[PDB]
Amino acid sequence: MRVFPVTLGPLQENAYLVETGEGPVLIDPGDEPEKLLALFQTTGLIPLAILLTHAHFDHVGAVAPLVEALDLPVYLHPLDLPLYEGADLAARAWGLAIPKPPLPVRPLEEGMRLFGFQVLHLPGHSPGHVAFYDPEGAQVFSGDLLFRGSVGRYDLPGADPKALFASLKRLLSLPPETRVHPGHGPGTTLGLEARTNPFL
Ligand SMILES: [Zn+2]
Ligand SMILES: [Zn+2]
Ligand SMILES: [Zn+2]
Ligand SMILES: [Zn+2]
Ligand SMILES: [Zn+2]
Ligand SMILES: [Zn+2]
Ligand SMILES: [Zn+2]
Ligand SMILES: [Zn+2]
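Residues numbered from 1 in each chain as written, not as in the entry; some residues may be left out. Chains lettered and ligands numbered in written order. Heavy atoms only, no water. Residues with missing side-chain atoms left out of burial classes, pairs and counts.

Method of determination for the deposited model, per the PDB record: X-ray crystallography, at 2.20 Å resolution.

A few words now on the layout of surface pockets. Space inside the largest pocket adds up to approximately 400 Å³. Looking at the largest pocket, it is lined by 18 residues, and the ones nearest its centre are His56, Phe57, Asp58, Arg153 and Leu156. Each residue belonging to the lining of the largest pocket can be placed in one class, and the counts come to 12 nonpolar, three polar and three charged. (1 Å grid on protein atoms, 1.4 Å probe; cavity = no way out; pocket = protein on both sides within 12 Å on 5 of 7 lines; lining within 4 Å. Points joined across faces, edges and corners; volume = space filled by probe spheres on them. Nonpolar A, V, L, I, M, F, W, Y, C, P; charged D, E, K, R; others polar.)

Sheet strands line up and pair through hydrogen bonds in the backbone, either parallel or antiparallel. With mixed pairing, the six strands of this open sheet are ordered in space as 7-8-9-10-13-14. On the outer flanks of this sheet lie strand 7 (113-114) and strand 14 (188-189), each paired with one strand and no other. Bridge count for strand 7 against strand 8 (residues 117-121) is two bridges, and the pairing is antiparallel. Each residue of the ladder has a partner; that of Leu114, found in strand 8, is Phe117. (Pairing = 2+ DSSP bridges. Helix = DSSP H or I, 4+ residues; strand = E, 2+ residues; numbered from the N terminus.)

Written as structure tokens, this is what we have:
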């Protein structure tokens, strides 16, 4: 896999354009569709699908224009559908404008394999929060579960603090060399966080 991260929107969310053995995918296009469209150009990669770790508005704000332009299927765990459906309203409450994310979506599920990833259902930050795990490349796109020196907020819509810490226990049982590509902030590894994260 070749991995192209881009930070997007006022909430500084990380999208990932990833070349897989089954073609390119785009993970969490949160905002600034022009910036994503420009990334397609400089990399020469056109995503075949949108994959969503979860449906907080900062992760889905660029879904609509990209689906309109490229007819991209959108993969989301069904437990985050209520978040997905009202994402523009949630953004609006903070005074932020995004287009309403388009329906329908294609489902994700614990144990599913797609585009070279294994889907881990890891709720807590949101009910349908997943990670996309690539054991062969030793890497995980774990959304807002685990950050460099912190963990996902558990005070947001759909949050479940006890689910979160159970999910983190699950995540930290993967190989320590596993590279983490999170929804916010810099990349890390599971081993580094095992040594330094104050929540672990
Ligand atoms: Zn790779
Ligand atoms: Zn925007
Ligand atoms: Zn989130
Ligand atoms: Zn179309
Ligand atoms: Zn496949
Ligand atoms: Zn589950
Ligand atoms: Zn619960
Ligand atoms: Zn986020």
